[PDB]
Each structure stands twice: as structure tokens, then as C-alpha cells.
């Protein structure tokens, strides 16, 4: 899918995690986010489409998804350990990653 739909799936599952009851739903949510993140990591934001694929700006953009993906990785460990509250706290915290990139390249 394209950034749009991946960002959508990404955003949706954040709400799923926030309203999740058990670990399986959060785990399931994070997994879907992981998939959306990895798929979107190969796209080029409309504001950098005129920038070199490997310019200072694009390397930062790519770096951004790496951060998010790492945050989703750590979150999964928590959810896997049955730590639902900690996992939801990590989902909220990684929200800064979402915002930071948007401020820069959205």
C-alpha cells in the first residue's frame, strides 16, 4: 500500500491498542503496525519527491521509520510478556515519533 493507507492502518491500530483488553489484541495490533511500517518504509513523501533518494532529508525520513519500527519492536516484547499497561504506554510514547516526522516532512 501507499504512505496514505499505511499511515491509516498505523493510526487505526494505535486506537486498537488504546482500547485493547488483552495481550493478544495489543500484540495483534503491534504486529499489524509493524507490517504497515515496513511496507511504508519504501515510499517517498510528497514533500521530498523532488529530493535525492539519498539526500540529507531522505536519510532522515528513512531514519524516522527505523525509530518507529524499533519502538514497535520493544512494544511487542512487552505485549508478549503479558504487560498490557506497559505496552499501551509504549504505544502512547512512540506517538512522539509520529509527530516529529510529520512536523518535518508532512
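Numbering follows the first chain given and starts at 1.
Participant: So which stretch wins on mean C-alpha B-factor, 18-26 or 88-96?
Facilitator: Mean C-alpha B-factor is greater for 18-26.
Participant: Which is higher on mean Cα B factor in this entry, 78-86 or 5-13?
Facilitator: Between 78-86 and 5-13, it is 5-13 that shows the higher mean C-alpha B-factor.
Participant: Please work out which residue in 38, 58, 43, 67 has the highest C-alpha B-factor recorded for this crystal structure.
Facilitator: Highest CA B-factor of the listed options: 43.
Participant: In terms of CA temperature factor as recorded, identify the highest of 63, 73, 47, 32.
Facilitator: Going by the entry's C-alpha B-factors, 47 comes out highest.
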